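Peer 1: Have a look at this one before I ask anything.
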Amino acid sequence: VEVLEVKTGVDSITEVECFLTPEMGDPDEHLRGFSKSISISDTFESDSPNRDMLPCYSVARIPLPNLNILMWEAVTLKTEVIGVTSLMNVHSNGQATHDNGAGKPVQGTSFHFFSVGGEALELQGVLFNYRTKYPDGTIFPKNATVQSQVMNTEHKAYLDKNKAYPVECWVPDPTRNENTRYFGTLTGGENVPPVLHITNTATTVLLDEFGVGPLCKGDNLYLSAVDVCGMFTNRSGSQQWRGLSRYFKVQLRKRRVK
Amino acid sequence: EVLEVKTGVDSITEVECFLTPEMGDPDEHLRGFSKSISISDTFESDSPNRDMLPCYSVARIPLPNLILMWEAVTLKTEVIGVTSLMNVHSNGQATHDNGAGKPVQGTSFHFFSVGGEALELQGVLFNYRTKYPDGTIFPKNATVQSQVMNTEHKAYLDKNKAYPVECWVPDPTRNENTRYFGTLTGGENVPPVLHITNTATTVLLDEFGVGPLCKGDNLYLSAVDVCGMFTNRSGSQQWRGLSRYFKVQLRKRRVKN
Amino acid sequence: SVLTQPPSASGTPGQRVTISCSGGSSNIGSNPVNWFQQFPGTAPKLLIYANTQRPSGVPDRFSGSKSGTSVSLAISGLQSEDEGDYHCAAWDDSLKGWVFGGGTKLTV
Amino acid sequence: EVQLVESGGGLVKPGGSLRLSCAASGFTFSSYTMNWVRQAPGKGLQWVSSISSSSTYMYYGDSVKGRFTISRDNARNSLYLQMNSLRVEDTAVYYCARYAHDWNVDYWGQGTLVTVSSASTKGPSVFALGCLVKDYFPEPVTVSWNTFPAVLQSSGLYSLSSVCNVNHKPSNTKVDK
């Protein structure tokens, strides 16, 4: 809890480098990285999306070299989306934009999000429609009230499980996450063009106003991510969310702690 | 292990070349285009012809002989022939009655790398059941995991007219010795926006002030500049590419090997 | 650098009739075609302008298509009040003047 | 373009067994989930079983759970249905159909008739301008000359008339009048 000085020396720095895959709903054995073709409730009251139509937050707990009082301090992050060029595949049974047109490319509503934490990302539930019945097998806001639609402090949770927390009913809880650095962007709209930059030259610093990064409780580093890139439009017009993996490389150092 | 920068009368040198775009090159007359794009009968049977597939362009530049290695320090690059995209009269698709032709626009990948060795590629597939055509180097032993991430699919950008753009990306887990930059903008109506200037330098040094080091006295320029699609009168669409200029400042760095 | 249109055309009431006008790069290639309708003993009047456009007062039935150096006029839902001469005109850049076609007498 | 052809259908007695074959040409058979759907005479359609491209996922309708087994040989471009413990209700024309992504079930075969009856394979007897076919079983009968649909008599034997080369494959009958 009390943060003392940075230990330097021969064995004071270490590196995690992994990729997180996208859980987009994964209908069947052949469609990993897609959702199931989206359907719309008969009525506003009866909204109940199937689990394979709901993208979810991805999380990874990484065990770090054992210590001890010393804790691992996450100092810098590099991340990029892996496989951006795959979105140029405009020939795989898509929807011809017009007579003899190529297929309409992946585009539309996008959530690109990633966090680096010394513990689980902390989530606040917010519901578009509080009567939405989230499907068996997902962890969702419990005891939904109309207030759930704007804000309801009952809906707290930890991003502690994969294929679990739907994207559309959880956000980073801004009242918590002292020990995490989170960044995300929603671009909404059916025609929003994907814009994905890649570079191995961009480092992001994880230190706060006091020069302290996230501190890895239990010698664990917590990478969370979502990269819903848009929707794939099938020949029929039917639409599937399409996701992509995110690379992380985190510099860590040792910090003395009481 | 990287020692100090050698300075003096002949410590600096410059490479300056252009890379051409390989976009499919359908026939003798359509260099810089792809073949008019077709769409598979089914999701399962996706199998694009080789002349419908833009590919990464690469160029190995031999440097002066010199333990000393050449350090790539700065890059200037721009797309050559941006104005050519104003050609709205060459059997295009009238946007409307008495309209000019629809200009080149839509899905674009602008990418360029400067490396002391080949760009290192990771395979990622839109559809793992896509059959990449005979004559291209593609991800082998595709599994459904190939669609999101599959570490089997490693490769070197070591050959032209070879590596399709749509199934290879810079491998972010490698490329210590390369500086790569690219942007995908997707969408049928995405407007091209291409800036040109001889006044904009990009620095290639890392967090430790070391640029790429040219193994074997070789500098590796890679690039892709799929600008959009040309829409023919029929509505049929061909990718259109443009050449990329590079000018790389290099200096000599002492190294223990 | 002459506009070539059929000297005559005809149709059954209710049919679509098509009158073609063929030129060269010097005229129709680089310049727009207007169509003029002429009933016996009256002046020509503007029917189509700019290859494909109707002035106010011309029914939806009347339409045009342009393909490079050639244009056509399409009279759909043919009626007896459509009996007359149809004149094809366009500027010619080399002759520095207006070229017309022969005229097309449409019989019903 | 795409053709599926079923075979192996015929007459078998209740409690009996039977293996059906689908022959796929015109497409990478090995790439597609494949289905069996059946149609009982005069009734609508009813799905029997599905199998994934790599035979990782087989599914069965309730009515045949535990009796039928779907299988494929991707090297031989063939889908199979193993029908054990056959019942009278299982009588239908069995169709073979492809499922493609987003298309759903698209192409069907011609179908093959499976008749499950304790009754045995009775041969026809032959012979106004034409010839007549009396007391045969089961249904599939051909008329050639180098035609009305049949009637099911209460005897359980069919009869049809034609306005000759008569053929009834189930009884090896090929008599020319």
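In the structure tokens, chains take the letters A, B, ... in the order shown, each chain's residues start at 1, and ligands count up from 1 in the order shown.
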Residues of chain D no more than 8 Å from chain B, counting only C-alpha atoms: send them over as a PyMOL selection string.
Peer 2: chain D and resi 28+31-32+100-103
Peer 1: Please report as a PDB file with N, CA and C atoms, in the first residue's frame which residues of chain A come no farther than 6 Å from chain B, using only C-alpha atoms.
Peer 2:
```
ATOM      1  N   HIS A  30     -15.769 -23.361 -37.047  1.00  0.00           N
ATOM      2  CA  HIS A  30     -15.171 -22.803 -38.286  1.00  0.00           C
ATOM      3  C   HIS A  30     -15.119 -21.262 -38.290  1.00  0.00           C
ATOM      4  N   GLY A  33     -13.476 -15.942 -34.002  1.00  0.00           N
ATOM      5  CA  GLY A  33     -13.191 -14.527 -34.315  1.00  0.00           C
ATOM      6  C   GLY A  33     -14.395 -13.840 -34.914  1.00  0.00           C
ATOM      7  N   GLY A  83      -3.200  -8.596 -37.364  1.00  0.00           N
ATOM      8  CA  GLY A  83      -3.925  -9.177 -38.509  1.00  0.00           C
ATOM      9  C   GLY A  83      -4.902  -8.186 -39.127  1.00  0.00           C
ATOM     10  N   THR A  85      -4.627  -6.536 -41.930  1.00  0.00           N
ATOM     11  CA  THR A  85      -4.710  -6.697 -43.407  1.00  0.00           C
ATOM     12  C   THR A  85      -5.804  -7.714 -43.769  1.00  0.00           C
ATOM     13  N   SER A  86      -6.156  -8.614 -42.845  1.00  0.00           N
ATOM     14  CA  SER A  86      -7.177  -9.666 -43.076  1.00  0.00           C
ATOM     15  C   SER A  86      -8.501  -9.022 -43.471  1.00  0.00           C
ATOM     16  N   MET A  88      -8.959  -6.737 -45.615  1.00  0.00           N
ATOM     17  CA  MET A  88      -8.984  -6.501 -47.081  1.00  0.00           C
ATOM     18  C   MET A  88      -9.610  -7.684 -47.830  1.00  0.00           C
ATOM     19  N   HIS A  91     -13.707 -10.839 -50.882  1.00  0.00           N
ATOM     20  CA  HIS A  91     -14.073 -11.856 -51.912  1.00  0.00           C
ATOM     21  C   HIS A  91     -14.690 -13.140 -51.320  1.00  0.00           C
ATOM     22  N   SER A  92     -14.839 -13.238 -49.992  1.00  0.00           N
ATOM     23  CA  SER A  92     -15.214 -14.484 -49.269  1.00  0.00           C
ATOM     24  C   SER A  92     -16.714 -14.473 -48.976  1.00  0.00           C
ATOM     25  N   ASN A  93     -17.528 -14.645 -50.010  1.00  0.00           N
ATOM     26  CA  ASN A  93     -19.003 -14.718 -49.924  1.00  0.00           C
ATOM     27  C   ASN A  93     -19.563 -13.500 -49.190  1.00  0.00           C
ATOM     28  N   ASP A  99     -23.672  -4.070 -58.706  1.00  0.00           N
ATOM     29  CA  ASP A  99     -23.427  -5.037 -59.799  1.00  0.00           C
ATOM     30  C   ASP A  99     -21.929  -5.075 -60.127  1.00  0.00           C
ATOM     31  N   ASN A 100     -21.316  -6.261 -59.954  1.00  0.00           N
ATOM     32  CA  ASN A 100     -19.889  -6.568 -60.261  1.00  0.00           C
ATOM     33  C   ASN A 100     -18.989  -5.857 -59.238  1.00  0.00           C
ATOM     34  N   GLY A 101     -19.573  -5.308 -58.182  1.00  0.00           N
ATOM     35  CA  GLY A 101     -18.808  -4.760 -57.056  1.00  0.00           C
ATOM     36  C   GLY A 101     -18.122  -5.875 -56.272  1.00  0.00           C
ATOM     37  N   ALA A 102     -17.016  -5.520 -55.641  1.00  0.00           N
ATOM     38  CA  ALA A 102     -16.337  -6.342 -54.630  1.00  0.00           C
ATOM     39  C   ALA A 102     -17.294  -6.474 -53.459  1.00  0.00           C
ATOM     40  N   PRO A 105     -16.631  -4.418 -47.340  1.00  0.00           N
ATOM     41  CA  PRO A 105     -15.618  -4.871 -46.401  1.00  0.00           C
ATOM     42  C   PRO A 105     -16.154  -4.776 -44.978  1.00  0.00           C
ATOM     43  N   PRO A 193     -15.832   3.505 -40.997  1.00  0.00           N
ATOM     44  CA  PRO A 193     -14.675   2.815 -41.564  1.00  0.00           C
ATOM     45  C   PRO A 193     -13.652   2.466 -40.489  1.00  0.00           C
ATOM     46  N   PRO A 194     -13.196   1.191 -40.448  1.00  0.00           N
ATOM     47  CA  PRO A 194     -12.094   0.787 -39.589  1.00  0.00           C
ATOM     48  C   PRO A 194     -10.851   1.594 -39.964  1.00  0.00           C
ATOM     49  N   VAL A 195     -10.117   2.008 -38.954  1.00  0.00           N
ATOM     50  CA  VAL A 195      -8.827   2.723 -39.075  1.00  0.00           C
ATOM     51  C   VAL A 195      -7.903   2.120 -38.033  1.00  0.00           C
ATOM     52  N   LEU A 196      -7.041   1.219 -38.467  1.00  0.00           N
ATOM     53  CA  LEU A 196      -6.130   0.471 -37.593  1.00  0.00           C
ATOM     54  C   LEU A 196      -4.698   0.823 -37.980  1.00  0.00           C
ATOM     55  N   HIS A 197      -3.990   1.492 -37.071  1.00  0.00           N
ATOM     56  CA  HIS A 197      -2.544   1.793 -37.175  1.00  0.00           C
ATOM     57  C   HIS A 197      -1.763   0.630 -36.546  1.00  0.00           C
ATOM     58  N   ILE A 198      -0.632   0.277 -37.134  1.00  0.00           N
ATOM     59  CA  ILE A 198       0.333  -0.704 -36.552  1.00  0.00           C
ATOM     60  C   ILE A 198       1.701  -0.033 -36.560  1.00  0.00           C
ATOM     61  N   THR A 199       2.484  -0.245 -35.513  1.00  0.00           N
ATOM     62  CA  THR A 199       3.889   0.220 -35.469  1.00  0.00           C
ATOM     63  C   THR A 199       4.565  -0.388 -34.242  1.00  0.00           C
ATOM     64  N   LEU A 244     -10.216  -9.145 -33.642  1.00  0.00           N
ATOM     65  CA  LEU A 244      -8.784  -9.439 -33.898  1.00  0.00           C
ATOM     66  C   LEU A 244      -8.012  -9.472 -32.581  1.00  0.00           C
ATOM     67  N   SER A 245      -6.973 -10.294 -32.561  1.00  0.00           N
ATOM     68  CA  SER A 245      -6.061 -10.456 -31.407  1.00  0.00           C
ATOM     69  C   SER A 245      -5.325  -9.136 -31.140  1.00  0.00           C
TER      70      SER A 245
END
```
Peer 1: Might you pull out every residue within 9 Å of residue 49 in chain B, with only C-alpha atoms counted and same-chain residues fewer than 3 positions away left off, and present them as a list in words?
Peer 2: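 That gives residues 24, 35, 52, 53, 132, 133 and 134 of chain B.
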Peer 1: Would you export the selected residues with C-alpha atoms as a CSV table (one decimal), in the first residue's frame, please?
Peer 2:
```csv
chain,number,residue,atom,x,y,z
B,24,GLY,CA,-1.9,-8.5,-59.3
B,35,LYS,CA,-7.7,-8.1,-61.9
B,52,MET,CA,-6.5,-10.5,-57.7
B,53,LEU,CA,-4.1,-10.4,-54.7
B,132,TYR,CA,-4.4,-18.9,-51.5
B,133,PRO,CA,-3.4,-19.4,-55.1
B,134,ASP,CA,-0.4,-21.4,-56.5
```
Peer 1: Which residues of chain C come within 10 Å of chain B, and what is each one's closest atom pair and distance in Å (one decimal), counting only C-alpha atoms, sorted by chain and residue number, as CSV?
Peer 2:
```
residue,atom,partner,partner_atom,distance
C:32,CA,B:98,CA,8.8
C:50,CA,B:98,CA,7.4
C:51,CA,B:98,CA,7.7
C:52,CA,B:97,CA,6.9
C:53,CA,B:97,CA,8.3
C:64,CA,B:97,CA,9.8
C:65,CA,B:97,CA,8.9
C:66,CA,B:98,CA,8.6
C:68,CA,B:91,CA,9.1
```
Peer 1: Quick one: residues within 6 Å of range 135-139 of chain B, only C-alpha atoms, excluding same-chain residues fewer than 4 positions away - as a compact mmCIF listing (two decimals) with C-alpha atoms, in the first residue's frame?
Peer 2:
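Once everything was written out, this is out-v3.txt:
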```txt
# COMPACT_ATOMS: atom_id res chain seq x y z
CA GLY B 123 -0.01 -14.93 -40.80
CA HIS B 153 2.40 -18.88 -39.50
CA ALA B 162 5.03 -13.44 -53.36
CA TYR B 163 3.35 -12.52 -50.01
```
Peer 1: So that I can check the surroundings of range 95-98 of chain C, please list as a ChimeraX atom specification every protein, DNA and RNA residue that reaches within 12 Å of it, counting only C-alpha atoms and ignoring chain neighbours fewer than 5 positions away.
Peer 2: /C:1-3,26-28,31-34,88-90
Peer 1: For range 243-252 of chain B, list every protein, DNA or RNA residue within 6 Å, evaluated using only C-alpha atoms, and leave out those in the same chain fewer than 6 positions away; present the list as a VMD selection string.
Peer 2: chain B and resid 6 11 to 21 69 to 80
Peer 1: Give me a file of those residues, with C-alpha atoms, as a compact mmCIF listing (two decimals), in the first residue's frame.
Peer 2:
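Result file is part-v2.txt:
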```
# COMPACT_ATOMS: atom_id res chain seq x y z
CA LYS B 6 31.70 6.39 -35.20
CA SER B 11 30.71 8.18 -41.20
CA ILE B 12 27.42 8.96 -43.02
CA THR B 13 25.74 7.61 -46.23
CA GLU B 14 22.30 7.83 -48.02
CA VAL B 15 20.10 5.28 -49.82
CA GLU B 16 17.35 6.83 -52.01
CA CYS B 17 15.13 4.50 -54.09
CA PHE B 18 11.47 3.90 -55.13
CA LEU B 19 9.51 0.59 -54.65
CA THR B 20 6.82 -0.29 -57.24
CA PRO B 21 3.45 -1.76 -56.23
CA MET B 69 27.55 -1.85 -39.01
CA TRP B 70 25.37 0.74 -40.85
CA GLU B 71 22.73 2.32 -38.52
CA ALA B 72 19.55 3.60 -40.31
CA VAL B 73 18.86 6.95 -38.56
CA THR B 74 16.16 8.86 -40.55
CA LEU B 75 13.53 8.08 -43.24
CA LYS B 76 11.67 10.33 -45.70
CA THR B 77 8.93 8.57 -47.70
CA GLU B 78 5.92 9.63 -49.79
CA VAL B 79 3.58 8.05 -52.38
CA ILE B 80 4.70 8.83 -55.97
```
Peer 1: Leaving out range 106-118 of chain A and any residue of its chain fewer than 3 positions from it, which residues lie within 8 Å of it when counting only C-alpha atoms, given as an NGL selection string?
Peer 2: (:A and (74 or 77 or 87 or 121 or 179-194 or 206 or 214-217 or 220-233 or 242)) or (:B and (186-187))
